[PDB]
Amino acid sequence: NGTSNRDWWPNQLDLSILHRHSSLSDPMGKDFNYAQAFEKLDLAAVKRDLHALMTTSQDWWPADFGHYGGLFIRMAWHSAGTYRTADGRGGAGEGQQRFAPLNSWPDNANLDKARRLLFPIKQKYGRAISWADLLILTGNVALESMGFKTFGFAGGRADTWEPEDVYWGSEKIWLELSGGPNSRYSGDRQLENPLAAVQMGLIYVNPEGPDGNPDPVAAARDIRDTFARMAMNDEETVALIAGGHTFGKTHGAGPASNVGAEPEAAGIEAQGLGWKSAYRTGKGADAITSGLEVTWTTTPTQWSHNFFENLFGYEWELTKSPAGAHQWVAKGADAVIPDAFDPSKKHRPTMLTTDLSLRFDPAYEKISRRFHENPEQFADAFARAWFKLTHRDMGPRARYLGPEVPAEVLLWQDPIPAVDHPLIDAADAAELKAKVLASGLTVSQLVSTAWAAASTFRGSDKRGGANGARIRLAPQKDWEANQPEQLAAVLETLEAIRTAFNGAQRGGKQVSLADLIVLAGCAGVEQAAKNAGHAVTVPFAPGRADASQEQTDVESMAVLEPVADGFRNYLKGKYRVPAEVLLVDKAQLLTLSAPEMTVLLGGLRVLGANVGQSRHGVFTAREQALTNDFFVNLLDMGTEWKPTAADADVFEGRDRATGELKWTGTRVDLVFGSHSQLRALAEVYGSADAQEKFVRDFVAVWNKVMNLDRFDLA
Amino acid sequence: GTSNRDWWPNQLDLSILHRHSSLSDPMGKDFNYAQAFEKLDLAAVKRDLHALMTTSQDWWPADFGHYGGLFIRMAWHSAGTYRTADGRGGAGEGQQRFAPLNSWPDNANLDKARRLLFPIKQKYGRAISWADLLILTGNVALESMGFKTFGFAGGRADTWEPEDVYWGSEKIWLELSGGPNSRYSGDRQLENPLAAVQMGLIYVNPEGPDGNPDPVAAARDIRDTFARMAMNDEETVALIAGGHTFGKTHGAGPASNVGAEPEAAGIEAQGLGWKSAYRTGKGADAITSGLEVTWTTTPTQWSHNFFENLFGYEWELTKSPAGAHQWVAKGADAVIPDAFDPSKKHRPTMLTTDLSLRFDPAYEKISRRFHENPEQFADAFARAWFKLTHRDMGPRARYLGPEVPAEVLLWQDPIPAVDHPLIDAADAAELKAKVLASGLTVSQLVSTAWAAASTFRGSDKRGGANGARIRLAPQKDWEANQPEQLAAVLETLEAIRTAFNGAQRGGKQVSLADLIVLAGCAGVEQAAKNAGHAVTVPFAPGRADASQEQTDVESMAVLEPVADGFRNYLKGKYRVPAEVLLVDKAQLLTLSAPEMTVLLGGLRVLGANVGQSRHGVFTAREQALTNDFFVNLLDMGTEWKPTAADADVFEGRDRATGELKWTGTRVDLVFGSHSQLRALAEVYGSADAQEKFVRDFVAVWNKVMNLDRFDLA
Ligand code: HEM
Ligand code: HEM
Ligand SMILES: NNC(=O)c1ccncc1
Ligand SMILES: [Cl-]
Ligand SMILES: [Cl-]
Ligand code: NA
Ligand code: NA
């Protein structure tokens, strides 16, 4: 009820997304290092306790079949299942299921119970196992307990301490069907990027069918699209759904109107739980979670091949659960499926609409039949897919901790070869920077190429960055933002330098192209500082390696293309989201604060890093010199700015007294003179005492970006 | 995009505790603004500001060729958002340059005033904060026009994001009272903590209450709002008449000409707003308030013409060119200069709220005294201007520069100078042992030191343990302080003090303020020992004891804790939920969410609750410093339900037997409910956390004890 700045100005940009996750909200000390904690955990001990928990039923949420394994597999699947390849946001890697909004999503109903069941284990091991690792490890132990051998497990997901700022959609009603005022669909059922779910508060798709219509073929279209938006192909998708639905059951014993407030809405006495139900005992046999009432197999607590036997072995009739939801029952079947609580009851086989998709979509049916005929193929596929699902956002294999990490390198990990030769030392770095500057490559070309290589990193899923030298490979070499023709010329010169240096060495010392691109960028920044009269050495850390084309999945790389990069004043097309919002989004992915974003952008503009050598925001008469000119000129009140008649998103800056044109700029350039918080930062850097501070802060942020993916040095 | 606040609009907001991280600050971690300021050539800055006064810019031409009135309004408004209820607002953080205050309707065209000052800010850089520059500029404006100010102190460090302040619940700018989110109830009772009559005003409406042009009624709103800003009748009259000696209002055409406020304006406006389509949009055509008044015959020179005109004319109700109600002198000649045309003159004019100074009977007495004795007027105005502009700066030890007034003012809650050697580490150890041998308990010691130190609030830097004001009126008799228990503790400590000071040589002595804090430190050490942990709690001497004569009792009243969740105390029944009031108190204390959480769970097991209430005392070893609050709060074997007698008190029963185990309030149980607070509770309730909990508790306790220690900056 107190009115806030977001109430008064709801379309203004939000910078607090860049300053979340401060050391203020973190209870652990500054020096806490979770990897080091984890590495001394007795992982086998934790696994024993998790095995014991499986069948330790608690009366406040009694275990179906006497075994929590299905509930825990669903919990871990949902932890990972929020992931979107568009921006890398979501996934299991930050344990965000325990914070709002995900703790209270309708699709996460009763997973508050699942997490609560794990607190005694959490408490016993304390800081040595994060919630984020614990949720995945529990799902793995559930599978092992029920007879499925997993492909492996890595720890190293540090806990976080507040909610992430993620765009989950614009709907203001949970579960709203398509076509409303804030619809996430347009056109021929085109889901808006970056979303990867069909309704607000769902993980991927609606189990009754698209917008509730129980058509398995149409549902399969939604399955395919959302799963692809979560990095899964058809084979992985079938394996995951059929694999998962080998276990456990759904819950829909009575009408959904019996279920009360989600956790964030519940009373303080609920002590963090939600969805309290007035139906009968509210739990156990009477539980209501989705509103469906399906049990897939004849042994829901044991790995089996019964899913596909049932799917293909019966014909299916449409029916309704006790809550009124659409679901399917096997025609003419006997009552062969066990009841979760009463040994004297058995049930006919049942399926969701979206399970039927696996049989009635023609591409899925071929895979399903293969898995039915070849169950060893199904098991192997499901094990690989479960590992990928649960590790997709963990980043390079260098982050993976503990004794159960799979040795097999997987293409989806964007793998980087091991380095098996001496690295360049400081004298060698100095020799190579001189050679780069004697080649004729310009500051603009050197800065632009390193920026292009390093700025693909995003902290949301720890993909991208300059390691691997993938800028030389498809598809990065051909991205428009990367200036393919310019890039090719710089890479040819750098590869000739490299060849010359490597051919002159002894021992096995060599420099990778990945390291040379970054070092060359560093030489450009040093040259730019010299051009401005400043003596600056830029730090450089060797050790990057070059990945091959065959180690580079081109379709998976596509999502890393910068379609909006304000740091290079680039926008690939016209978007509904304003460019300055896209700039803050990119800064968040790069892990930048607002001051770092500000310094970086103003430096890049005067170094010539704009795509196409655009003059928009180039507020200097000494381009390729590292100065604070961007800020001093942007803040000059002798210039008046107006949008152009040709293009409302480009602005002309004229002398206020004469009308003479002095500059042009975009929304990304001018926001720094408009937003009250951004302008306060620009004033610091545009003050007469600030040139050396600007240069030193620029070098620090430049080095930060160059090192974002260097978990080999963590 | 839909946010958590959208889905759950009533859920508690912890992000207010985590502002001002080193993430959002452009200056290095090691920047110290006092060190930069102390080397500023303040005289040179003032010479540049003096020259700016009469250097008109054509994008916002100077009225009368002089920006001094604009800048005095700018500085008044920077200071004028201050509220004594919570200390929030004021000029001390330079928040006029951030949302929402940069876009309040009462701050219209002060974007232009701040813009005029950027060349000077640019020249001097980090050596002068925006916060200090806005105030300095108002002083130089006054001095340039012939008024002697009382002084100036630097030291307001800049901030880098908006403050989270409750300004009201209205959703429309300037909404008149009586709407669905009215800030008035009863017989025109303004809701605490608010200190303005309408959302987006500084104090009152210049046309009269809700627009009704009755000076007598307006005076009641003036008196109420200004008292809520720490000003009495003399100060109020001096300030309004002082201010309105200078400059003019702006209302040349209809207000529908004036476009979006700065936070709403297009990107091309480059941080300015209120662009006007009326004629030239500026200068002679300017529209700010919509009133068109010029008070004196010399708007660029200090005078006593405000009161000569107020009392020398009778007044007629009239309307400005924008349609606002205002007053014009009956029968008068055209003696007031025009701001741009030297061939035009105007009749004297006044606002409804100016006329309050004559038609309220108490104001009229003061106004007539100042009219007859303009030297009294000048002195009252200079003192009130200093107070206004420094009220949120904190102890005088924060005051920087060569123009600091030597006079000590009662409103500063002054602390006497220390003129003797301080106790050393071995002395402190001796005194801690003497305190523990006296028979004072852990609960008594912790509760007394908490009581003394936790009056601090970082909003205006008032309060804290320095001064030993806990022994004086009114603190000694506040209910939350447990007056009879407190008196017993204080008598025991004063006997220890007397014994130790009587045994010394060389003039060494310990103040009661330091011994209160040290005794609390001994209690926390003892509690740790009771748990099996040997720890030393840090302690820094150098507090002094203030006298009763040096303590304004009425000004102290706003520091009374009516809600202190750290002592499970709520003085009465409020509309705002107790958990929200806990977060508000944590923000005032400058605590993060982790610090709040540790501190509360420790206080509960040390016996710090008012009245020895058992609510939240989730331990069987009270007075031992353990993490038992968290381990017991998180025990899923306990089921919690509100009591039938009181919905805000909960019983914790064994889930299997029904046996009563504990009771708690909303402040206790929020740590088990709120998803971010429960995550913190889980860290401190884990089996590996004993050592960490003790360490973190001692660190936040020491932070609280030192909040007012600017003598150690
Ligand atoms: C098209 C994709 C999917 C849909 C629409 C879907 C739908 C559902 C629904 C409606 C439930 C019932 C929740 C309740 O009422 O308790 C559920 C349960 C479950 N799902 Fe899925 N699912 C999908 C994919 C997955 C995947 C990929 C996994 C894991 C690999 C998985 C594993 C499980 C398990 C184990 C259960 C049983 C939970 C219990 O025993 O408590 N599902 N699924
Ligand atoms: C009851 C309290 C007060 C009310 C209702 C009030 C009202 C106003 C209004 C409506 C304006 C015209 C804004 C514009 O259209 O440009 C203004 C101007 C001004 N006020 Fe006040 N005021 C109050 C107190 C003060 C105080 C305490 C001071 C300072 C000590 C101050 C100093 C000024 C000055 C110098 C101007 C002239 C600005 C210029 O020349 O641009 N006022 N006042
Ligand atoms: N929403 N979460 C992210 O965007 C992110 C998380 C961690 N580092 C960079 C970005
Ligand atoms: Cl996320
Ligand atoms: Cl404030
Ligand atoms: Na992610
Ligand atoms: Na304040």
Side-chain angles (χ1 to χ4, degrees), chain A residues 17-18 20-21 80 82-85 87-94 96 157-158 160 163-167 392-395 457-463 585-592 708, chain B residues 60 62-64 66-77 79-80 105-110 112-113 138 141-142 145 197 201-208 218-219 221-223 225-226 229 231 235-252 286-295 299-300 320 322 324 326 339 351-354 356-357 381 384-385 388-389:
Chain A
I17 78 169
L18 306 184
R20 206 76 87 181
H21 316 289
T82 55
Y83 177 76
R84 308 101 70 101
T85 204
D87 60 4
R89 294 185 174 97
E94 300 179 13
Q96 286 276 308
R157 304 163 189 83
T160 54
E164 274 291 21
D165 288 300
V166 180
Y167 179 71
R392 186 65 187 89
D393 62 335
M394 257 191 95
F457 184 83
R458 54 193 195 184
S460 58
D461 63 0
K462 297 156 176 51
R463 292 188 68 208
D585 171 88
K586 179 58 162 183
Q588 193 281 332
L589 293 178
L590 295 172
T591 74
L592 304 177
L708 285 164
Chain B
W60 200 258
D63 294 333
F64 315 99
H66 201 298
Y67 287 126
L70 182 61
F71 288 137
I72 291 167
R73 173 180 170 246
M74 181 196 70
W76 147 241
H77 284 203
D106 242 5
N107 287 341
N109 291 316
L110 297 182
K112 310 308 184 295
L142 284 165
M145 300 189 285
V197 301
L201 292 189
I202 301 300
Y203 303 113
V204 308
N205 181 325
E207 292 186 86
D221 283 3
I222 294 170
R223 181 169 291 108
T225 61
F226 272 72
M229 309 212 165
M231 298 299 177
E235 292 165 326
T236 297
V237 176
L239 288 168
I240 296 165
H244 294 174
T245 295
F246 302 98
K248 68 182 297 280
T249 80
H250 306 83
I287 304 166
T288 299
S289 63
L291 293 138
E292 192 67 37
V293 167
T294 304
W295 303 266
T300 72
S320 67
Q326 58 179 60
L351 305 174
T352 294
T353 48
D354 296 323
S356 299
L357 300 187
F381 181 40
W385 179 258
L388 166 69
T389 56

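Each chain gets a letter, A, B and so on, in the order its sequence line appears, and its residues count up from 1. We count ligands from 1, going down the list as the structure has it; atoms in each ligand are counted the same way.
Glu207(B) contributes no side-chain N or O that, together with a main-chain N or O of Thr352(B), makes up a donor-acceptor pair within less than 3.5 Å. No donor-acceptor pair closer than 3.5 Å links the side chain of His250(B) to the backbone N or O of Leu291(B). Between the side chain of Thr288(B) and the main chain of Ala108(B), no donor-acceptor pair closer than 3.5 Å is present. In terms of modelled atom types and a separation under 3.5 Å, the side chain of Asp393(A) and the main chain of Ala92(A) share a donor-acceptor contact.
When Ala587(A), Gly459(A), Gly90(A), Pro163(A) are checked for heavy-atom proximity to atom 7 (C) of ligand 3, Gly459(A) turns out nearest. Comparing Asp221(B), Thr249(B), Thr236(B), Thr225(B) against atom 12 (C) of ligand 2, the shortest heavy-atom distance belongs to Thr249(B). Here the shortest heavy-atom distance to atom 27 (C) of ligand 2, taken over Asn109(B), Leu239(B), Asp354(B), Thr389(B), belongs to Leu239(B). By heavy-atom distance, the residue among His244(B), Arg73(B), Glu292(B) lying nearest atom 22 (N) of ligand 2 is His244(B).
Between the side chains of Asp87(A) and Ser460(A), no donor-acceptor pair is found at a separation under 3.5 Å. Inspection of the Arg89(A) and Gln96(A) side chains reveals no N or O donor paired with an N or O acceptor under 3.5 Å.
Residue contact check: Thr288(B) has heavy atoms under 4.0 Å from atoms 14 (C), 15 (O), 16 (O) of ligand 2. Below 4.0 Å from some heavy atom of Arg89(A) lie the following atoms of ligand 3, by number and element: 1 (N), 2 (N), 3 (C), 4 (O). Shown in contact with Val204(B) at under 4.0 Å from a heavy atom are these atoms of ligand 2, numbered in order with element: 1 (C), 5 (C). For ligand 3 and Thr591(A), the ligand atoms under 4.0 Å from any heavy atom of the residue are 8 (N), 9 (C). The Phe246(B) neighbourhood of ligand 2 comprises atoms 35 (C), 37 (C), with distances under 4.0 Å to a heavy atom of that residue. With ligand atoms numbered from 1 in the order given, ligand 2 contributes 30 (C) to contacts under 4.0 Å with heavy atoms of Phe381(B). Listed by atom number, the atoms of ligand 2 under 4.0 Å from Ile72(B) heavy atoms are 35 (C). Near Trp385(B), meaning under 4.0 Å from one of its heavy atoms, ligand 2 places the atoms 30 (C). Close approach to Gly247(B) involves these atoms of ligand 2, each under 4.0 Å from a residue heavy atom: 40 (O).
Among protein heavy atoms, atom 9 (C) of ligand 2 sits closest to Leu351(B) CD1, 4.2 Å. Summary of contacts: the protein heavy atom closest to atom 9 (C) of ligand 3 is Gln588(A) O, 3.1 Å. Looking at atom 34 (C) of ligand 2, its nearest protein heavy atom turns out to be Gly243(B) O, 3.8 Å. Nearest protein neighbour of atom 28 (C) of ligand 2, counting heavy atoms only, is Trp76(B) CD1, 3.4 Å. Nearest protein neighbour of atom 5 (C) of ligand 2, counting heavy atoms only, is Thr353(B) OG1, 3.5 Å. The protein atom (non-hydrogen) at minimum distance from atom 18 (C) of ligand 2 is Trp295(B) CH2, 3.7 Å.
The side-chain contact (heavy atoms from CB on, under 4.5 Å) test with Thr236(B) singles out one residue from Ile222(B), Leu357(B), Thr225(B), and that residue is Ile222(B).
Residue side and main chain included, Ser460(A) places an N/O/S atom under 3.0 Å of the Na ion (ligand 6). Taking 3.0 Å as the threshold, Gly93(A) does not count as a candidate ligand of the Na ion (ligand 6), since none of its N, O or S atoms lies below it. Under 3.0 Å from the Na ion (ligand 6) lies no N/O/S atom of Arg89(A), from backbone or side chain alike.
Between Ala322(B) and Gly290(B), the shortest heavy-atom contact is CB-O, 3.4 Å. Heavy-atom minimum distance, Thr591(A) versus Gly459(A): CG2-CA, 4.4 Å. Closest approach of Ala218(B) and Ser356(B) over heavy atoms only: CB-OG, 3.5 Å. Between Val197(B) and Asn205(B), the closest heavy-atom pair is CG2-N, 3.7 Å.
Residue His244(B) holds its NE2 atom at 9.0 Å from OG1 of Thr249(B), rounded to the nearest 0.5 Å.
For the ligand labelled ligand 3, residue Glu94(A) lies inside the 4.0 Å heavy-atom shell. Using 4.0 Å as the threshold, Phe71(B) has no heavy atom nearer than that to any atom of ligand 2.
By the criterion of a heavy-atom distance under 4.0 Å, both the backbone and the side chain of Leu589(A) are placed next to ligand 3. The backbone of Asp165(A), and not its side chain, has at least one atom closer than 4.0 Å to an atom of ligand 3 (non-hydrogen atoms only; backbone = N, CA, C, O).
The side-chain heavy atoms of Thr294(B) and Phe64(B), taken from C-beta on, include a pair separated by under 4.5 Å. Side-chain atoms of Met145(B) and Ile72(B), non-hydrogen and from C-beta on, do get closer than 4.5 Å to each other. Between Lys248(B) and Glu292(B), some side-chain heavy-atom pair lies under the 4.5 Å cut-off.
Any N or O atom pair closer than 3.5 Å counts here, and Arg458(A) shares no such pair with ligand 3. For ligand 2, the polar-atom distance check against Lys248(B) finds a nitrogen or oxygen pair separated by under 3.5 Å. In terms of polar-atom proximity, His250(B) is counted as a contact of ligand 2, with an N or O under 3.5 Å from an N or O of the ligand. Checking only distances, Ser289(B) does come within under 3.5 Å of ligand 2, N or O to N or O.
Ionic pairing of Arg20(A) and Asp165(A) is present here: one or more N-O contacts between side-chain nitrogen and carboxylate oxygen are shorter than 4.0 angstrom.
Geometry at the Na ion (ligand 6): O/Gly90(A) and O/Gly88(A) form an angle of 100°, nearest 10 degrees.
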For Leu142(B) and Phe71(B): C-alpha separation, side-chain torsions, deciding distance, then whether side-chain contact (heavy atoms from CB on, under 4.5 Å) applies. CA-CA 9 Å; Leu142(B) 284 165; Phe71(B) 288 137; over 6 Å; no
Verdict with supporting geometry, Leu388(B) and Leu239(B), side-chain contact (heavy atoms from CB on, under 4.5 Å): CA-CA 9 Å; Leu388(B) 166 69; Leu239(B) 288 168; 4.2 Å; yes
